[PDB]
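Encoded as structure tokens, the structure appears first; notes follow it.
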Amino acid sequence: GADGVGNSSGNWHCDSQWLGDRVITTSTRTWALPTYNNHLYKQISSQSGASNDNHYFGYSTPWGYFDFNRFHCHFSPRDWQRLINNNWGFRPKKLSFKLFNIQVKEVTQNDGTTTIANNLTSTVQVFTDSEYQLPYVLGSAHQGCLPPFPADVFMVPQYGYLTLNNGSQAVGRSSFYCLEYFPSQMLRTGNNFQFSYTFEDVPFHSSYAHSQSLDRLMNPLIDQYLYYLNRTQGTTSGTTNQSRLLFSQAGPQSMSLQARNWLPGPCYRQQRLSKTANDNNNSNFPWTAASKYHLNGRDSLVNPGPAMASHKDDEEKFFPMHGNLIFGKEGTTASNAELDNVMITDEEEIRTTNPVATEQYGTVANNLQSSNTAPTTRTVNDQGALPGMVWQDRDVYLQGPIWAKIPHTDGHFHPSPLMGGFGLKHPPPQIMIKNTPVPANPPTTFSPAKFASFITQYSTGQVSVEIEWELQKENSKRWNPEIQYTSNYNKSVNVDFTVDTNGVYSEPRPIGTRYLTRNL
Amino acid sequence: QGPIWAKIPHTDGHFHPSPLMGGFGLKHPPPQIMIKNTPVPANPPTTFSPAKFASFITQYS
Amino acid sequence: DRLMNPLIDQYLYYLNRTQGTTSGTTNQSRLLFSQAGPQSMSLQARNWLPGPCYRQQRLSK
Ligand SMILES: Nc1ncnc2c1ncn2[C@H]1C[C@H](O)[C@@H](COP(=O)(O)O)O1
Ligand SMILES: Nc1ncnc2c1ncn2[C@H]1C[C@H](O)[C@@H](COP(=O)(O)O)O1
């Protein structure tokens, strides 16, 4: 693709249409790119004795990058509703990336006024980490994605990565990556950038909730043919009746004693919190009493753990200590914001396959009972994996992460990103972008010294992203209507998912995905 | 006299999908075969009644 | 107006009593609804209207 100055290098493709078996979303946004790090690679690390479990070492690059690992980058609210309310599941298929209508602007502070002018001969550099040789910094819920609202212009994030570290110091096996050591396409105004990607085979997401329960699985009307022991001593308690071994045949009556075929999913107990700031202990325990793990003598918070339900029946006020994902409302400090300023996600559809996050797991025996010894019971707060266990995964939300790169290790278990979504061995590659350095006035005499005098300039253009989604259609013989997402028909102030009096788009609530029901 | 197979629950995750009571765990097991006697109404009224029909001939198969 | 079935009642309901109730003690008014019947023949729900009109004066021979 090569055209002229007064000729656009692309069009605005922002649309979505459905094919009953699949859906194609196209999304275009305007982007702006500054000059990060002053065209310099800078070594970064932790403050000399500021914190210990936060010690780190890495580098900062003059490169920006494109991100669209959020669902609202592609699905308008209305669309998300169509998807959510009609499909057993869904997944990604293809991807088309396009950069175009590029403009390079250089600015000058002459006196007390900034003039901005065109630098037509200036270039910009783009490339894609398709061999995954660069540290994958996406799928970490960072900021700088495409604006949920198409009319919103966004700033392109800067690229930085972390390496291996011993405290604030580094090791010998630490890796330094130069992005100038990658072949990249240079673009002038009227040039453009093309890219296509094909997702791998990754299971459909669960856009459903089970209409049955792991324990309420059998026939309510018939008794089993298996027997269990329910009386150890209790007999005809009158004369000469100390103890006896008695067995009962399973019945719809003994519903939680019947022989079973499957187990609930794994668990890692979280601490229970209440939204009412007075049910809780008068202490500050978000760290000393929260669940966590430690690698190399460094404690890390187990924020979203295994998929566990948020609360039990008849509660809805108790949420796991960070046992779920939380989104911040529009306009809310990054530092200690009120509970009325955030949006907490309820995972109450998986109550049927998974243990509750705050509750125990079950009961294990740990002794050899006899006439001499009384049988001991121990509450299990942590459960690894077991043959027979089944479970559901974390939901995805309109503004949640989509995919995540699966770490290249010797072993994985259930490679589903813990924050939710699609785990990929080879995910959509990273797209790097940066303004090419333009030297300012050079000396008539030759100076070997590092060149530091540059013309200040930023870039702007459009970006387009087209993704094809495969849908799993609903096939239910449920007679009664199912629950659907819907807006309040009530006379309301502002309209949900809209701009306000002074033009600011805002998403009212987090949107789940499990509205339709399937059987176990 | 034990169980033979068992349907594997349609969830996001399983581990070792062998039925815990023993046997063969199947994603798609032998389907359920339903059977029932078709309702045979008894003497109807010469006058039209909208009310739910409840008078049936008792019979087994 | 004589278009429906003389033998069967409708499944639609109309309001035919606004006050008239068990007119004895403490019975001023109440909202009561009756299901259309061959009996309530000119009260039943309808599907069509008669033609337009422009009243003329009446004369006798
Ligand atoms: N998001 C995602 N990506 C890939 N696989 C998933 C995902 N979620 C669940 N699984 C399941 C599907 C396969 O049966 C299994 C492969 O594990 P393996 O370790 O590859 O043998 O992991
Ligand atoms: N009864 C029964 N049915 C199916 N598979 C069984 C059974 N017993 C053991 N396995 C083993 C065989 C496969 O290697 C594995 C597939 O797990 P998956 O979760 O399918 O990846 O589970």
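Protein chains in written order, with full-length UniProt numbering: chain B, 217 to 736; chain A, 615 to 675; chain W, 431 to 491.
In this text, a Cβ means the ideal position worked out from N, Cα and C, and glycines have one as well.
Exercise for review: Measure the Cβ-Cβ separation of residue 420 of chain B and residue 236 of chain B and say whether it is below 8 Å.
Suggested key: At the C-beta level, residue 420 of chain B and residue 236 of chain B stay beyond 8 Å of one another.
- Message: Considering just the uninterrupted stretch of the alpha helix (DSSP H) at residue 269 of chain B, what are its terminal residues?
- Response: Careful: residue 269 of chain B lies outside any alpha helix (DSSP H) and carries neither H nor E.
For the region 633–643 of chain B and the region 347–362 of chain B, state whether three or more C-beta atom pairs, one from each stretch, are separated by less than 8 Å. In short, these stretches touch, since the Cβ pair count reaches three.
For this session: With 7 Å as the C-beta to C-beta threshold (strictly closer), list the residues of the region 615–636 of chain A near chain B in chain order.
Result: The region 615–636 of chain A vs chain B, Cβ under 7 Å: 620, 623, 624, 625, 626, 627, 628, 629, 630, 632, 633, 634 and 635.
Practice item. Answer yes if the region 474–482 of chain B comes into contact with the region 593–611 of chain B, meaning at least three C-beta pairs across the two stretches below 8 Å, and no otherwise. Key: The region 593–611 of chain B makes contact with the region 474–482 of chain B; the number of CB pairs closer than 8 Å reaches 3 or more.
task = Look at the alpha carbon of residue 394 of chain B and the alpha carbon of residue 508 of chain B, and state the distance between them as a whole number of angstroms.
result = If you draw a straight line from the Cα of residue 394 of chain B to the Cα of residue 508 of chain B, it comes to about 34 Å.
**Message:** Rounded to the nearest angstrom, what separates residue 473 of chain W and residue 700 of chain B at their Cα positions?
**Reply:** Distance between the alpha carbons of residue 473 of chain W and residue 700 of chain B is about 39 Å.
Exercise. Whole-angstrom Cβ separation of residue 520 of chain B and residue 610 of chain B, contact assumed at under 8 Å?
Worked result: About 7 Å separates the two Cβ atoms, so the contact holds.
Determine contact between the region 680–688 of chain B and the region 224–244 of chain B, defined as no fewer than three beta-carbon pairs at a distance below 8 Å.
-> Touching, yes.
Report task. Could you check how far apart the C-beta atoms of residue 280 of chain B and residue 373 of chain B are, in whole angstroms? I think they sit under 8 Å. Result -> Contact holds; Cβ gap of about 6 Å.
#### Entry: C-beta neighbour in chain A for residue 730 of chain B, strict 8 Å
Residue 730 of chain B has a beta carbon lying at 8 Å or more from every beta carbon in chain A.
Whole angstroms is fine: what's the gap from residue 552 of chain B's alpha carbon to residue 627 of chain B's? Between residue 552 of chain B and residue 627 of chain B, the C-alpha separation is close to 38 Å.
### the region 398–408 of chain B / the region 314–328 of chain B touching (three or more Cβ pairs under 8 Å)
Cβ pair count under 8 Å is three or more, so yes.
Check: Mind listing, in chain order, the residues whose beta carbon lies closer than 6 Å to a non-hydrogen atom of ligand 3?
Finding: Ligands in the displayed structure: ligand 1 and ligand 2; ligand 3 is not one of them.
Practice task
Please state if the CB of residue 266 of chain B and the CB of residue 733 of chain B are separated by a distance shorter than 8 Å.
Solution key: Result no, Cβ atoms of residue 733 of chain B and residue 266 of chain B do not sit closer than 8 Å.
Backbone secondary structure at residue 674 of chain B - three-state DSSP
The answer is strand: DSSP assigns residue 674 of chain B an E or B state.
ask   = Taking the C-alpha atoms as reference points, what is the distance between residue 571 of chain B and residue 675 of chain B?
value = One C-alpha to the other measures close to 51 Å.
List the residues of chain A whose Cβ lies closer than 9 Å to the Cβ of residue 602 of chain B, in chain order.
Within chain A, the residues near residue 602 of chain B are 629 and 630.
request  = Give the DSSP-derived three-state secondary structure of residue 297 of chain B in the structure shown.
outcome  = The DSSP-derived three-state label of residue 297 of chain B is helix.
Item to check | Alpha-carbon to alpha-carbon, residue 633 of chain A and residue 613 of chain A | outcome: Chain A is shown from 615 up to 675; residue 613 of chain A falls before or after that span and cannot be answered.
Inset, instruction - Decide if the region 483–491 of chain B is in contact with the region 574–583 of chain B; the criterion is three or more beta carbon pairs, one per stretch, under 8 Å apart. - result: Counting Cβ pairs under 8 Å, three or more are found: they touch.
Notebook entry, point to check: What residues in the region 682–696 of chain B have a beta carbon less than 9 Å from any beta carbon of chain A?
Noted result: Listed by position along the chain: nothing, the set is empty.
| request: Check residue 287 of chain B in the structure and name its three-state DSSP category. | output: Collapsing the DSSP output to three states places residue 287 of chain B in a helix.
In angstroms, rounded to a whole number, what distance separates the CA positions of residue 454 of chain B and residue 502 of chain B? Near 55 Å, if we compare the C-alpha coordinates of residue 502 of chain B and residue 454 of chain B.
field: Collapsed DSSP secondary structure at residue 317 of chain B in the structure displayed
entry: If DSSP states are grouped into helix, strand and coil, residue 317 of chain B belongs with the strands.
Quick one, which of B/599, B/269 and B/399 has its alpha-carbon nearest residue 512 of chain B's?
-> Of the listed residues, the one whose Cα sits closest to residue 512 of chain B is B/269.
Taking a contact to mean a Cβ-Cβ separation below 8 Å, would you say residue 433 of chain B touches residue 273 of chain B in this structure? Against a cut-off of 8 Å, the Cβ pair of residue 273 of chain B and residue 433 of chain B comes out as no contact.
Can you find a CB in chain E that lies within less than 8 Å of the CB of residue 573 of chain B? Among the protein chains in the structure shown, which are B, A and W, there is no chain E.
Just how far apart, CA to CA, sit residue 443 of chain B and residue 461 of chain B? Their Cα atoms are separated by approximately 12 Å.
Quiz item: Of all Cβ atoms in chain A, is any one closer than 8 Å to the Cβ of residue 475 of chain B?
Solution: So yes, residue 475 of chain B belongs to the interface.
**Request:** Whole angstroms is fine: what's the gap from residue 592 of chain B's alpha carbon to residue 579 of chain B's?
**Result:** Between residue 592 of chain B and residue 579 of chain B, the C-alpha separation is close to 10 Å.
Leaving aside the five residues before and after residue 539 of chain B along the sequence, list all residues of the same chain whose C-beta is less than 6 Å from its C-beta, in chain order. Around residue 539 of chain B: 486 and 573.
Check your understanding: In whole angstroms, what separates the C-alpha of residue 599 of chain B from that of residue 497 of chain B?
Key -> Going from the Cα of residue 599 of chain B to the Cα of residue 497 of chain B covers about 27 Å.
Residue nearest to residue 380 of chain B in terms of C-alpha spacing, selected from B/542, B/362 and B/271:
Here the closest residue by C-alpha is B/271.
Just mark residue 650 of chain B as buried or exposed, buried being the case when its beta carbon has 16 or more other beta carbons within 10 Å. With 16 or more Cβ atoms within 10 Å of its Cβ, residue 650 of chain B is classed as buried.
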